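Here is start.cif, consisting of mmCIF, C-alpha atoms:
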data_data
#
loop_
_atom_site.group_PDB
_atom_site.id
_atom_site.type_symbol
_atom_site.label_atom_id
_atom_site.label_comp_id
_atom_site.auth_asym_id
_atom_site.auth_seq_id
_atom_site.Cartn_x
_atom_site.Cartn_y
_atom_site.Cartn_z
ATOM 1 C CA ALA A 26 0.000 0.000 0.000
ATOM 2 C CA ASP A 27 3.013 2.213 0.628
ATOM 3 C CA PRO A 28 4.190 3.214 -2.856
ATOM 4 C CA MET A 29 7.736 3.574 -1.515
ATOM 5 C CA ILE A 30 7.971 0.103 0.083
ATOM 6 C CA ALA A 31 10.559 -1.356 -2.317
ATOM 7 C CA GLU A 32 12.717 1.775 -2.046
ATOM 8 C CA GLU A 33 12.534 1.604 1.763
ATOM 9 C CA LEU A 34 13.709 -1.994 1.728
ATOM 10 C CA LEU A 35 16.428 -1.160 -0.789
ATOM 11 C CA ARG A 36 17.899 1.693 1.228
ATOM 12 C CA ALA A 37 17.975 -0.670 4.236
ATOM 13 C CA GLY A 38 20.023 -3.105 2.124
ATOM 14 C CA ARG A 39 17.352 -5.820 2.067
ATOM 15 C CA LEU A 40 17.642 -6.897 -1.558
ATOM 16 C CA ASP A 41 15.508 -10.066 -1.602
ATOM 17 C CA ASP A 42 12.703 -8.274 0.202
ATOM 18 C CA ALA A 43 12.963 -5.197 -2.034
ATOM 19 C CA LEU A 44 12.724 -7.406 -5.105
ATOM 20 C CA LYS A 45 9.650 -9.228 -3.817
ATOM 21 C CA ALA A 46 7.920 -5.950 -3.034
ATOM 22 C CA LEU A 47 8.813 -4.404 -6.393
ATOM 23 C CA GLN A 48 7.639 -7.484 -8.293
ATOM 24 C CA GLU A 49 4.260 -7.172 -6.569
ATOM 25 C CA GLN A 50 4.083 -3.502 -7.597
ATOM 26 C CA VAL A 51 4.917 -4.374 -11.204
ATOM 27 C CA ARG A 52 2.243 -7.098 -11.249
ATOM 28 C CA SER A 53 -0.293 -4.518 -10.078
ATOM 29 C CA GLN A 54 0.850 -1.891 -12.599
ATOM 30 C CA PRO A 55 2.380 -3.865 -15.485
ATOM 31 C CA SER A 56 2.447 -0.928 -17.943
ATOM 32 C CA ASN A 57 4.251 1.450 -15.562
ATOM 33 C CA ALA A 58 7.620 2.115 -17.186
ATOM 34 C CA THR A 59 9.079 3.749 -14.060
ATOM 35 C CA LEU A 60 8.643 0.505 -12.166
ATOM 36 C CA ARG A 61 10.249 -1.459 -15.004
ATOM 37 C CA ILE A 62 13.289 0.842 -14.973
ATOM 38 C CA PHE A 63 13.609 0.284 -11.187
ATOM 39 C CA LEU A 64 13.213 -3.470 -11.651
ATOM 40 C CA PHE A 65 15.896 -3.845 -14.372
ATOM 41 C CA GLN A 66 18.343 -1.920 -12.213
ATOM 42 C CA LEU A 67 17.549 -3.888 -9.032
ATOM 43 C CA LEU A 68 17.934 -7.177 -10.917
ATOM 44 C CA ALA A 69 21.330 -5.955 -12.185
ATOM 45 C CA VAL A 70 22.396 -5.108 -8.611
ATOM 46 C CA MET A 71 21.334 -8.630 -7.629
ATOM 47 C CA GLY A 72 23.194 -10.196 -10.579
ATOM 48 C CA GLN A 73 20.033 -11.710 -12.088
ATOM 49 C CA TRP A 74 21.383 -10.931 -15.505
ATOM 50 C CA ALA A 75 18.927 -12.738 -17.799
ATOM 51 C CA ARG A 76 15.955 -11.313 -15.916
ATOM 52 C CA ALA A 77 17.514 -7.850 -15.972
ATOM 53 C CA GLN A 78 17.866 -8.080 -19.750
ATOM 54 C CA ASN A 79 14.252 -9.156 -20.106
ATOM 55 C CA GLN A 80 13.042 -6.190 -18.065
ATOM 56 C CA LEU A 81 15.284 -3.827 -20.015
ATOM 57 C CA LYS A 82 13.504 -4.932 -23.224
ATOM 58 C CA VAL A 83 10.182 -4.052 -21.570
ATOM 59 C CA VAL A 84 11.516 -0.596 -20.719
ATOM 60 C CA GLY A 85 12.279 0.090 -24.389
ATOM 61 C CA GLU A 86 8.927 -1.299 -25.518
ATOM 62 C CA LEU A 87 7.027 0.960 -23.113
ATOM 63 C CA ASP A 88 9.296 4.002 -23.482
ATOM 64 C CA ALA A 89 10.833 4.245 -26.934
ATOM 65 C CA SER A 90 13.050 7.163 -25.872
ATOM 66 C CA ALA A 91 14.901 4.676 -23.615
ATOM 67 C CA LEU A 92 16.175 2.570 -26.537
ATOM 68 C CA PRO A 93 19.745 3.939 -26.464
ATOM 69 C CA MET A 94 19.920 3.086 -22.723
ATOM 70 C CA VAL A 95 18.453 -0.329 -23.448
ATOM 71 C CA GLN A 96 21.163 -1.056 -26.005
ATOM 72 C CA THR A 97 24.020 0.218 -23.817
ATOM 73 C CA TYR A 98 22.941 -1.620 -20.671
ATOM 74 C CA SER A 99 21.934 -4.843 -22.416
ATOM 75 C CA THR A 100 25.469 -5.053 -23.774
ATOM 76 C CA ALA A 101 26.951 -4.076 -20.400
ATOM 77 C CA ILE A 102 25.119 -7.089 -18.943
ATOM 78 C CA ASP A 103 26.548 -9.314 -21.719
ATOM 79 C CA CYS A 104 30.004 -8.078 -20.771
ATOM 80 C CA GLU A 105 29.560 -9.340 -17.185
ATOM 81 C CA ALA A 106 29.602 -12.882 -18.595
ATOM 82 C CA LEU A 107 32.841 -12.073 -20.416
ATOM 83 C CA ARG A 108 34.318 -10.742 -17.165
ATOM 84 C CA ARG A 109 33.635 -14.091 -15.534
ATOM 85 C CA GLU A 110 35.336 -15.931 -18.409
ATOM 86 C CA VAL A 111 38.371 -13.652 -18.175
ATOM 87 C CA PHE A 112 38.766 -13.977 -14.396
ATOM 88 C CA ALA A 113 38.325 -17.752 -14.724
ATOM 89 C CA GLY A 114 41.266 -17.817 -17.139
ATOM 90 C CA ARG A 115 39.215 -19.071 -20.090
ATOM 91 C CA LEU A 116 39.161 -15.992 -22.367
ATOM 92 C CA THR A 117 41.340 -12.950 -22.704
ATOM 93 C CA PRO A 118 40.211 -9.356 -23.092
ATOM 94 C CA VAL A 119 40.967 -6.784 -25.727
ATOM 95 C CA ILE A 120 43.689 -4.378 -24.567
ATOM 96 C CA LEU A 121 42.555 -0.788 -25.117
ATOM 97 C CA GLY A 122 45.050 1.655 -26.590
ATOM 98 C CA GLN A 123 48.754 1.047 -27.052
ATOM 99 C CA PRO A 124 49.814 -2.582 -26.556
ATOM 100 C CA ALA A 125 50.952 -3.609 -23.079
ATOM 101 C CA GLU A 126 52.836 -6.881 -23.327
ATOM 102 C CA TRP A 127 53.244 -7.101 -19.549
ATOM 103 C CA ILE A 128 49.493 -7.813 -19.299
ATOM 104 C CA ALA A 129 50.075 -11.211 -20.963
ATOM 105 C CA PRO A 130 51.590 -12.828 -17.870
ATOM 106 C CA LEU A 131 48.987 -11.111 -15.760
ATOM 107 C CA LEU A 132 46.277 -12.977 -17.793
ATOM 108 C CA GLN A 133 48.173 -16.261 -17.813
ATOM 109 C CA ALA A 134 48.222 -16.086 -14.032
ATOM 110 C CA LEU A 135 44.411 -16.343 -14.112
ATOM 111 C CA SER A 136 44.710 -19.607 -16.073
ATOM 112 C CA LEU A 137 47.317 -20.923 -13.635
ATOM 113 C CA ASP A 138 45.070 -20.074 -10.687
ATOM 114 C CA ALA A 139 42.187 -21.956 -12.338
ATOM 115 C CA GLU A 140 44.498 -24.975 -12.711
ATOM 116 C CA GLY A 141 45.418 -24.887 -9.009
ATOM 117 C CA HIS A 142 48.910 -23.421 -9.495
ATOM 118 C CA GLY A 143 48.689 -20.424 -7.160
ATOM 119 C CA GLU A 144 52.441 -20.168 -6.564
ATOM 120 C CA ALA A 145 53.236 -20.108 -10.279
ATOM 121 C CA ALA A 146 50.433 -17.571 -10.805
ATOM 122 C CA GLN A 147 51.873 -15.250 -8.159
ATOM 123 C CA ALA A 148 55.304 -15.472 -9.809
ATOM 124 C CA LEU A 149 53.826 -14.427 -13.163
ATOM 125 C CA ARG A 150 52.059 -11.491 -11.548
ATOM 126 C CA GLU A 151 55.341 -10.336 -10.045
ATOM 127 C CA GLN A 152 56.903 -10.513 -13.524
ATOM 128 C CA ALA A 153 53.990 -8.522 -14.949
ATOM 129 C CA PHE A 154 54.090 -5.783 -12.346
ATOM 130 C CA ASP A 155 57.887 -5.489 -12.583
ATOM 131 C CA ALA A 156 57.557 -4.834 -16.332
ATOM 132 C CA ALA A 157 54.685 -2.354 -16.098
ATOM 133 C CA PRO A 158 55.924 1.237 -16.696
ATOM 134 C CA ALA A 159 55.973 3.856 -13.959
ATOM 135 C CA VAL A 160 53.722 6.883 -14.404
ATOM 136 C CA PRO A 161 53.050 9.361 -11.566
ATOM 137 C CA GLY A 162 49.881 11.411 -11.453
ATOM 138 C CA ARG A 163 47.211 12.897 -9.241
ATOM 139 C CA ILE A 164 43.882 11.908 -7.723
ATOM 140 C CA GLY A 165 42.152 15.248 -7.547
ATOM 141 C CA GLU A 166 44.874 17.505 -6.139
ATOM 142 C CA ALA A 167 46.848 14.722 -4.398
ATOM 143 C CA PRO A 168 49.973 13.392 -6.145
ATOM 144 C CA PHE A 169 50.821 9.714 -6.478
ATOM 145 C CA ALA A 170 53.969 7.904 -7.649
ATOM 146 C CA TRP A 171 51.900 4.864 -8.650
ATOM 147 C CA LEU A 172 48.283 3.699 -8.736
ATOM 148 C CA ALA A 173 46.807 0.185 -8.813
ATOM 149 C CA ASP A 174 43.526 -1.561 -8.194
ATOM 150 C CA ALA A 175 43.351 -3.236 -4.787
ATOM 151 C CA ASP A 176 42.595 -6.406 -6.820
ATOM 152 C CA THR A 177 46.012 -7.960 -7.389
ATOM 153 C CA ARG A 178 44.697 -9.757 -10.489
ATOM 154 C CA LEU A 179 44.572 -6.319 -12.221
ATOM 155 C CA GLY A 180 47.146 -4.133 -10.603
ATOM 156 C CA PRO A 181 47.618 -0.975 -12.705
ATOM 157 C CA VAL A 182 44.773 -1.837 -15.118
ATOM 158 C CA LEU A 183 41.205 -0.532 -15.454
ATOM 159 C CA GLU A 184 38.315 -2.729 -16.670
ATOM 160 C CA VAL A 185 36.239 -0.745 -19.169
ATOM 161 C CA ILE A 186 33.353 -1.046 -21.568
ATOM 162 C CA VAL A 187 33.715 1.226 -24.580
ATOM 163 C CA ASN A 188 31.202 1.222 -27.413
ATOM 164 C CA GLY A 189 29.723 -2.051 -26.196
ATOM 165 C CA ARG A 190 33.075 -3.865 -26.000
ATOM 166 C CA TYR A 191 34.852 -4.972 -22.865
ATOM 167 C CA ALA A 192 38.561 -4.261 -22.516
ATOM 168 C CA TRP A 193 41.455 -4.023 -20.121
ATOM 169 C CA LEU A 194 42.909 -0.513 -20.205
ATOM 170 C CA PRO A 195 46.483 -0.242 -18.863
ATOM 171 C CA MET A 196 46.449 2.777 -16.547
ATOM 172 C CA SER A 197 49.680 3.897 -18.187
ATOM 173 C CA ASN A 198 47.666 4.379 -21.406
ATOM 174 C CA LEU A 199 45.533 7.077 -19.744
ATOM 175 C CA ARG A 200 45.916 10.797 -19.681
ATOM 176 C CA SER A 201 42.781 11.344 -17.602
ATOM 177 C CA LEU A 202 39.663 9.738 -16.186
ATOM 178 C CA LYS A 203 36.643 11.685 -14.967
ATOM 179 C CA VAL A 204 33.652 10.288 -13.077
ATOM 180 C CA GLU A 205 30.835 11.612 -10.914
ATOM 181 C CA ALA A 206 29.291 10.007 -7.852
ATOM 182 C CA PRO A 207 26.757 7.271 -8.662
ATOM 183 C CA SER A 208 23.295 8.746 -9.272
ATOM 184 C CA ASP A 209 21.104 6.076 -10.810
ATOM 185 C CA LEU A 210 20.904 2.608 -9.300
ATOM 186 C CA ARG A 211 22.688 1.094 -12.372
ATOM 187 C CA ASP A 212 25.697 3.336 -11.604
ATOM 188 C CA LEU A 213 26.489 1.026 -8.661
ATOM 189 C CA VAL A 214 27.132 -1.720 -11.209
ATOM 190 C CA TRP A 215 28.670 0.271 -14.098
ATOM 191 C CA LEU A 216 29.952 3.798 -13.387
ATOM 192 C CA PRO A 217 29.878 6.200 -16.358
ATOM 193 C CA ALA A 218 33.236 7.803 -17.160
ATOM 194 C CA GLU A 219 35.057 10.052 -19.611
ATOM 195 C CA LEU A 220 38.454 8.611 -20.589
ATOM 196 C CA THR A 221 41.231 10.378 -22.483
ATOM 197 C CA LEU A 222 44.063 8.200 -23.760
ATOM 198 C CA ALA A 223 47.624 9.498 -23.607
ATOM 199 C CA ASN A 224 48.619 10.858 -27.019
ATOM 200 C CA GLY A 225 45.173 9.941 -28.218
ATOM 201 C CA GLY A 226 41.453 10.486 -28.157
ATOM 202 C CA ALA A 227 38.644 10.759 -25.674
ATOM 203 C CA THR A 228 35.567 8.579 -25.158
ATOM 204 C CA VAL A 229 32.705 7.918 -22.816
ATOM 205 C CA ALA A 230 32.909 4.541 -21.133
ATOM 206 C CA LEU A 231 31.321 2.385 -18.456
ATOM 207 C CA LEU A 232 33.507 1.168 -15.593
ATOM 208 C CA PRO A 233 32.456 -2.134 -13.998
ATOM 209 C CA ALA A 234 32.181 -0.813 -10.469
ATOM 210 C CA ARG A 235 32.167 -3.996 -8.393
ATOM 211 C CA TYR A 236 34.529 -6.975 -8.389
ATOM 212 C CA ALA A 237 33.283 -9.805 -10.614
ATOM 213 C CA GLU A 238 32.874 -12.230 -7.696
ATOM 214 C CA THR A 239 30.549 -9.850 -5.836
ATOM 215 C CA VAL A 240 27.267 -11.238 -7.149
ATOM 216 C CA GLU A 241 28.039 -14.806 -6.187
ATOM 217 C CA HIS A 242 30.196 -14.333 -3.076
ATOM 218 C CA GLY A 243 29.441 -10.961 -1.532
ATOM 219 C CA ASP A 244 26.560 -10.033 0.758
ATOM 220 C CA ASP A 245 23.837 -7.498 -0.058
ATOM 221 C CA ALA A 246 25.977 -4.587 1.152
ATOM 222 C CA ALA A 247 28.754 -5.647 -1.207
ATOM 223 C CA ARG A 248 26.309 -5.908 -4.114
ATOM 224 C CA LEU A 249 25.178 -2.359 -3.290
ATOM 225 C CA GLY A 250 28.785 -1.164 -3.362
ATOM 226 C CA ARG A 251 28.539 -0.130 0.288
ATOM 227 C CA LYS A 252 31.692 -1.991 1.358
ATOM 228 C CA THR A 253 34.766 -3.726 0.014
ATOM 229 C CA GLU A 254 35.412 -7.058 1.738
ATOM 230 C CA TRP A 255 38.209 -9.632 1.378
ATOM 231 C CA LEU A 256 37.246 -13.294 0.995
ATOM 232 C CA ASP A 257 39.090 -16.490 1.790
ATOM 233 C CA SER A 258 40.607 -16.172 -1.723
ATOM 234 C CA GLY A 259 42.540 -13.105 -0.588
ATOM 235 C CA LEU A 260 40.592 -11.070 -3.149
ATOM 236 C CA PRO A 261 37.968 -8.385 -2.731
ATOM 237 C CA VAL A 262 34.255 -8.212 -3.384
ATOM 238 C CA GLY A 263 32.094 -5.124 -3.350
ATOM 239 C CA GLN A 264 32.965 -1.614 -4.421
ATOM 240 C CA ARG A 265 36.127 -1.120 -6.452
ATOM 241 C CA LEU A 266 39.031 0.264 -4.448
ATOM 242 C CA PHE A 267 42.292 1.898 -5.613
ATOM 243 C CA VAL A 268 45.659 2.064 -3.878
ATOM 244 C CA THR A 269 48.572 4.446 -4.332
ATOM 245 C CA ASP A 270 51.836 4.860 -2.493
ATOM 246 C CA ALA A 271 49.984 7.387 -0.303
ATOM 247 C CA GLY A 272 46.752 5.587 0.516
ATOM 248 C CA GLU A 273 43.458 4.208 -0.714
ATOM 249 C CA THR A 274 40.591 5.747 -2.642
ATOM 250 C CA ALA A 275 37.218 4.101 -3.237
ATOM 251 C CA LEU A 276 35.856 4.371 -6.782
ATOM 252 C CA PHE A 277 32.758 6.276 -5.656
ATOM 253 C CA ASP A 278 34.994 8.876 -3.960
ATOM 254 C CA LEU A 279 36.977 9.397 -7.181
ATOM 255 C CA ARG A 280 36.198 12.405 -9.412
ATOM 256 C CA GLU A 281 39.350 12.925 -11.445
ATOM 257 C CA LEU A 282 42.458 10.927 -12.080
ATOM 258 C CA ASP A 283 45.283 12.499 -14.129
ATOM 259 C CA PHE A 284 48.590 10.991 -15.226
ATOM 260 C CA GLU A 285 51.724 13.011 -15.866
ATOM 261 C CA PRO A 286 52.955 13.042 -19.481
ATOM 262 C CA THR A 287 55.966 10.806 -20.165
#
Just dump the structure as C-alpha coordinates.
Amino acid sequence: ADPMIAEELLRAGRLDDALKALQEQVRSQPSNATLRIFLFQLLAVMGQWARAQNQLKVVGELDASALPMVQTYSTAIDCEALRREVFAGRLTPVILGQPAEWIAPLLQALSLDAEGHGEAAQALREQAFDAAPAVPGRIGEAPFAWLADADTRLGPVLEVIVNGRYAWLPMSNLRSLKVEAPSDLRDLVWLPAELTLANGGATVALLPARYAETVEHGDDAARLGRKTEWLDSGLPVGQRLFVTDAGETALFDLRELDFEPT
(Lines of atoms letter the chains of each structure in order from A and count residues from 1; the text may use other names and numbers.)
(Lines give C-alpha, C1' and ligand atoms only; values in the text may rest on other atoms or scores of the structure.)
Protein backbone atom coordinates (compact mmCIF):
# COMPACT_ATOMS: atom_id res chain seq x y z
CA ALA A 1 0.00 0.00 0.00
CA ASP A 2 3.01 2.21 0.63
CA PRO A 3 4.19 3.21 -2.86
CA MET A 4 7.74 3.57 -1.51
CA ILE A 5 7.97 0.10 0.08
CA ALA A 6 10.56 -1.36 -2.32
CA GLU A 7 12.72 1.78 -2.05
CA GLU A 8 12.53 1.60 1.76
CA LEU A 9 13.71 -1.99 1.73
CA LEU A 10 16.43 -1.16 -0.79
CA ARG A 11 17.90 1.69 1.23
CA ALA A 12 17.97 -0.67 4.24
CA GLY A 13 20.02 -3.11 2.12
CA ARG A 14 17.35 -5.82 2.07
CA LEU A 15 17.64 -6.90 -1.56
CA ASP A 16 15.51 -10.07 -1.60
CA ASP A 17 12.70 -8.27 0.20
CA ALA A 18 12.96 -5.20 -2.03
CA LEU A 19 12.72 -7.41 -5.11
CA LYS A 20 9.65 -9.23 -3.82
CA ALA A 21 7.92 -5.95 -3.03
CA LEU A 22 8.81 -4.40 -6.39
CA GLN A 23 7.64 -7.48 -8.29
CA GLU A 24 4.26 -7.17 -6.57
CA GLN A 25 4.08 -3.50 -7.60
CA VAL A 26 4.92 -4.37 -11.20
CA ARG A 27 2.24 -7.10 -11.25
CA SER A 28 -0.29 -4.52 -10.08
CA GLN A 29 0.85 -1.89 -12.60
CA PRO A 30 2.38 -3.86 -15.48
CA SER A 31 2.45 -0.93 -17.94
CA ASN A 32 4.25 1.45 -15.56
CA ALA A 33 7.62 2.11 -17.19
CA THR A 34 9.08 3.75 -14.06
CA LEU A 35 8.64 0.50 -12.17
CA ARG A 36 10.25 -1.46 -15.00
CA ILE A 37 13.29 0.84 -14.97
CA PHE A 38 13.61 0.28 -11.19
CA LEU A 39 13.21 -3.47 -11.65
CA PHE A 40 15.90 -3.85 -14.37
CA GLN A 41 18.34 -1.92 -12.21
CA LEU A 42 17.55 -3.89 -9.03
CA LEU A 43 17.93 -7.18 -10.92
CA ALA A 44 21.33 -5.95 -12.18
CA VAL A 45 22.40 -5.11 -8.61
CA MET A 46 21.33 -8.63 -7.63
CA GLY A 47 23.19 -10.20 -10.58
CA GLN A 48 20.03 -11.71 -12.09
CA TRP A 49 21.38 -10.93 -15.50
CA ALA A 50 18.93 -12.74 -17.80
CA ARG A 51 15.96 -11.31 -15.92
CA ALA A 52 17.51 -7.85 -15.97
CA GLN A 53 17.87 -8.08 -19.75
CA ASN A 54 14.25 -9.16 -20.11
CA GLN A 55 13.04 -6.19 -18.07
CA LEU A 56 15.28 -3.83 -20.02
CA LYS A 57 13.50 -4.93 -23.22
CA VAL A 58 10.18 -4.05 -21.57
CA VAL A 59 11.52 -0.60 -20.72
CA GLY A 60 12.28 0.09 -24.39
CA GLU A 61 8.93 -1.30 -25.52
CA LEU A 62 7.03 0.96 -23.11
CA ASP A 63 9.30 4.00 -23.48
CA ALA A 64 10.83 4.25 -26.93
CA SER A 65 13.05 7.16 -25.87
CA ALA A 66 14.90 4.68 -23.61
CA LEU A 67 16.18 2.57 -26.54
CA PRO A 68 19.74 3.94 -26.46
CA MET A 69 19.92 3.09 -22.72
CA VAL A 70 18.45 -0.33 -23.45
CA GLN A 71 21.16 -1.06 -26.01
CA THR A 72 24.02 0.22 -23.82
CA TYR A 73 22.94 -1.62 -20.67
CA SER A 74 21.93 -4.84 -22.42
CA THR A 75 25.47 -5.05 -23.77
CA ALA A 76 26.95 -4.08 -20.40
CA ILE A 77 25.12 -7.09 -18.94
CA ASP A 78 26.55 -9.31 -21.72
CA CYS A 79 30.00 -8.08 -20.77
CA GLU A 80 29.56 -9.34 -17.18
CA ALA A 81 29.60 -12.88 -18.59
CA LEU A 82 32.84 -12.07 -20.42
CA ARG A 83 34.32 -10.74 -17.17
CA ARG A 84 33.63 -14.09 -15.53
CA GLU A 85 35.34 -15.93 -18.41
CA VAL A 86 38.37 -13.65 -18.17
CA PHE A 87 38.77 -13.98 -14.40
CA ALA A 88 38.33 -17.75 -14.72
CA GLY A 89 41.27 -17.82 -17.14
CA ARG A 90 39.21 -19.07 -20.09
CA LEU A 91 39.16 -15.99 -22.37
CA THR A 92 41.34 -12.95 -22.70
CA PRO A 93 40.21 -9.36 -23.09
CA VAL A 94 40.97 -6.78 -25.73
CA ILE A 95 43.69 -4.38 -24.57
CA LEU A 96 42.55 -0.79 -25.12
CA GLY A 97 45.05 1.65 -26.59
CA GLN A 98 48.75 1.05 -27.05
CA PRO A 99 49.81 -2.58 -26.56
CA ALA A 100 50.95 -3.61 -23.08
CA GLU A 101 52.84 -6.88 -23.33
CA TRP A 102 53.24 -7.10 -19.55
CA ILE A 103 49.49 -7.81 -19.30
CA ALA A 104 50.07 -11.21 -20.96
CA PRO A 105 51.59 -12.83 -17.87
CA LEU A 106 48.99 -11.11 -15.76
CA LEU A 107 46.28 -12.98 -17.79
CA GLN A 108 48.17 -16.26 -17.81
CA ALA A 109 48.22 -16.09 -14.03
CA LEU A 110 44.41 -16.34 -14.11
CA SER A 111 44.71 -19.61 -16.07
CA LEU A 112 47.32 -20.92 -13.63
CA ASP A 113 45.07 -20.07 -10.69
CA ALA A 114 42.19 -21.96 -12.34
CA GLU A 115 44.50 -24.98 -12.71
CA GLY A 116 45.42 -24.89 -9.01
CA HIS A 117 48.91 -23.42 -9.49
CA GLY A 118 48.69 -20.42 -7.16
CA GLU A 119 52.44 -20.17 -6.56
CA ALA A 120 53.24 -20.11 -10.28
CA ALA A 121 50.43 -17.57 -10.81
CA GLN A 122 51.87 -15.25 -8.16
CA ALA A 123 55.30 -15.47 -9.81
CA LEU A 124 53.83 -14.43 -13.16
CA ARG A 125 52.06 -11.49 -11.55
CA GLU A 126 55.34 -10.34 -10.04
CA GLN A 127 56.90 -10.51 -13.52
CA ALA A 128 53.99 -8.52 -14.95
CA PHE A 129 54.09 -5.78 -12.35
CA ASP A 130 57.89 -5.49 -12.58
CA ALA A 131 57.56 -4.83 -16.33
CA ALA A 132 54.69 -2.35 -16.10
CA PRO A 133 55.92 1.24 -16.70
CA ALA A 134 55.97 3.86 -13.96
CA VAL A 135 53.72 6.88 -14.40
CA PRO A 136 53.05 9.36 -11.57
CA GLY A 137 49.88 11.41 -11.45
CA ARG A 138 47.21 12.90 -9.24
CA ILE A 139 43.88 11.91 -7.72
CA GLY A 140 42.15 15.25 -7.55
CA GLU A 141 44.87 17.50 -6.14
CA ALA A 142 46.85 14.72 -4.40
CA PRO A 143 49.97 13.39 -6.15
CA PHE A 144 50.82 9.71 -6.48
CA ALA A 145 53.97 7.90 -7.65
CA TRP A 146 51.90 4.86 -8.65
CA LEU A 147 48.28 3.70 -8.74
CA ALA A 148 46.81 0.19 -8.81
CA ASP A 149 43.53 -1.56 -8.19
CA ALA A 150 43.35 -3.24 -4.79
CA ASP A 151 42.59 -6.41 -6.82
CA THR A 152 46.01 -7.96 -7.39
CA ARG A 153 44.70 -9.76 -10.49
CA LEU A 154 44.57 -6.32 -12.22
CA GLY A 155 47.15 -4.13 -10.60
CA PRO A 156 47.62 -0.98 -12.71
CA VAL A 157 44.77 -1.84 -15.12
CA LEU A 158 41.20 -0.53 -15.45
CA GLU A 159 38.32 -2.73 -16.67
CA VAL A 160 36.24 -0.74 -19.17
CA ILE A 161 33.35 -1.05 -21.57
CA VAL A 162 33.72 1.23 -24.58
CA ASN A 163 31.20 1.22 -27.41
CA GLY A 164 29.72 -2.05 -26.20
CA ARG A 165 33.07 -3.87 -26.00
CA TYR A 166 34.85 -4.97 -22.86
CA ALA A 167 38.56 -4.26 -22.52
CA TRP A 168 41.45 -4.02 -20.12
CA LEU A 169 42.91 -0.51 -20.20
CA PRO A 170 46.48 -0.24 -18.86
CA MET A 171 46.45 2.78 -16.55
CA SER A 172 49.68 3.90 -18.19
CA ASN A 173 47.67 4.38 -21.41
CA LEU A 174 45.53 7.08 -19.74
CA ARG A 175 45.92 10.80 -19.68
CA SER A 176 42.78 11.34 -17.60
CA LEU A 177 39.66 9.74 -16.19
CA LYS A 178 36.64 11.68 -14.97
CA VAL A 179 33.65 10.29 -13.08
CA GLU A 180 30.84 11.61 -10.91
CA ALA A 181 29.29 10.01 -7.85
CA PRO A 182 26.76 7.27 -8.66
CA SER A 183 23.29 8.75 -9.27
CA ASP A 184 21.10 6.08 -10.81
CA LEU A 185 20.90 2.61 -9.30
CA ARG A 186 22.69 1.09 -12.37
CA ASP A 187 25.70 3.34 -11.60
CA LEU A 188 26.49 1.03 -8.66
CA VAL A 189 27.13 -1.72 -11.21
CA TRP A 190 28.67 0.27 -14.10
CA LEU A 191 29.95 3.80 -13.39
CA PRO A 192 29.88 6.20 -16.36
CA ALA A 193 33.24 7.80 -17.16
CA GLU A 194 35.06 10.05 -19.61
CA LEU A 195 38.45 8.61 -20.59
CA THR A 196 41.23 10.38 -22.48
CA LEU A 197 44.06 8.20 -23.76
CA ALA A 198 47.62 9.50 -23.61
CA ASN A 199 48.62 10.86 -27.02
CA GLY A 200 45.17 9.94 -28.22
CA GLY A 201 41.45 10.49 -28.16
CA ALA A 202 38.64 10.76 -25.67
CA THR A 203 35.57 8.58 -25.16
CA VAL A 204 32.70 7.92 -22.82
CA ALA A 205 32.91 4.54 -21.13
CA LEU A 206 31.32 2.38 -18.46
CA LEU A 207 33.51 1.17 -15.59
CA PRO A 208 32.46 -2.13 -14.00
CA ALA A 209 32.18 -0.81 -10.47
CA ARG A 210 32.17 -4.00 -8.39
CA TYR A 211 34.53 -6.97 -8.39
CA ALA A 212 33.28 -9.81 -10.61
CA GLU A 213 32.87 -12.23 -7.70
CA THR A 214 30.55 -9.85 -5.84
CA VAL A 215 27.27 -11.24 -7.15
CA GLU A 216 28.04 -14.81 -6.19
CA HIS A 217 30.20 -14.33 -3.08
CA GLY A 218 29.44 -10.96 -1.53
CA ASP A 219 26.56 -10.03 0.76
CA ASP A 220 23.84 -7.50 -0.06
CA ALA A 221 25.98 -4.59 1.15
CA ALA A 222 28.75 -5.65 -1.21
CA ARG A 223 26.31 -5.91 -4.11
CA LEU A 224 25.18 -2.36 -3.29
CA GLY A 225 28.78 -1.16 -3.36
CA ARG A 226 28.54 -0.13 0.29
CA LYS A 227 31.69 -1.99 1.36
CA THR A 228 34.77 -3.73 0.01
CA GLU A 229 35.41 -7.06 1.74
CA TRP A 230 38.21 -9.63 1.38
CA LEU A 231 37.25 -13.29 1.00
CA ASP A 232 39.09 -16.49 1.79
CA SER A 233 40.61 -16.17 -1.72
CA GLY A 234 42.54 -13.11 -0.59
CA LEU A 235 40.59 -11.07 -3.15
CA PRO A 236 37.97 -8.39 -2.73
CA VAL A 237 34.25 -8.21 -3.38
CA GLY A 238 32.09 -5.12 -3.35
CA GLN A 239 32.97 -1.61 -4.42
CA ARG A 240 36.13 -1.12 -6.45
CA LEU A 241 39.03 0.26 -4.45
CA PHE A 242 42.29 1.90 -5.61
CA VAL A 243 45.66 2.06 -3.88
CA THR A 244 48.57 4.45 -4.33
CA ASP A 245 51.84 4.86 -2.49
CA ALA A 246 49.98 7.39 -0.30
CA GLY A 247 46.75 5.59 0.52
CA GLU A 248 43.46 4.21 -0.71
CA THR A 249 40.59 5.75 -2.64
CA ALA A 250 37.22 4.10 -3.24
CA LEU A 251 35.86 4.37 -6.78
CA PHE A 252 32.76 6.28 -5.66
CA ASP A 253 34.99 8.88 -3.96
CA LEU A 254 36.98 9.40 -7.18
CA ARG A 255 36.20 12.41 -9.41
CA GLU A 256 39.35 12.92 -11.44
CA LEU A 257 42.46 10.93 -12.08
CA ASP A 258 45.28 12.50 -14.13
CA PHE A 259 48.59 10.99 -15.23
CA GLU A 260 51.72 13.01 -15.87
CA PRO A 261 52.96 13.04 -19.48
CA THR A 262 55.97 10.81 -20.16
Problem set entry | Option closest in space to residue 107 in chain A, from A:256, A:139, A:186, A:202 [counting only C-alpha atoms] |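 Among the listed residues, the smallest separation from residue 107 in chain A belongs to A:186.
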Exercise. Contacts of range 171-176 of chain A at 7 Å or less, counting all atoms listed in the file, minus same-chain residues fewer than 3 places along, as a list in words?
Worked result: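 Returned residues: residues 159, 160, 161, 179, 180, 181, 182, 260, 261, 266, 267, 268, 269 and 270 of chain A.
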Exercise. So which one's closest to residue 281 in chain A, A:208, A:201, A:97, A:73? Using only C-alpha atoms, please.
Worked result: A:201
For this session: With a distance cut-off of 9 Å and only C-alpha atoms, select the neighbouring residues of residue 121 in chain A, excluding the residue or stretch itself and same-chain residues fewer than 4 positions from it, and output the selection as a PyMOL selection string.
Result: chain A and resi 185+192-195+198
Problem set entry | Proximity to residue 65 in chain A - best of A:44, A:262, A:234, A:92, all atoms listed in the file |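 Counting all atoms listed in the file, the residue closest to residue 65 in chain A is A:44.
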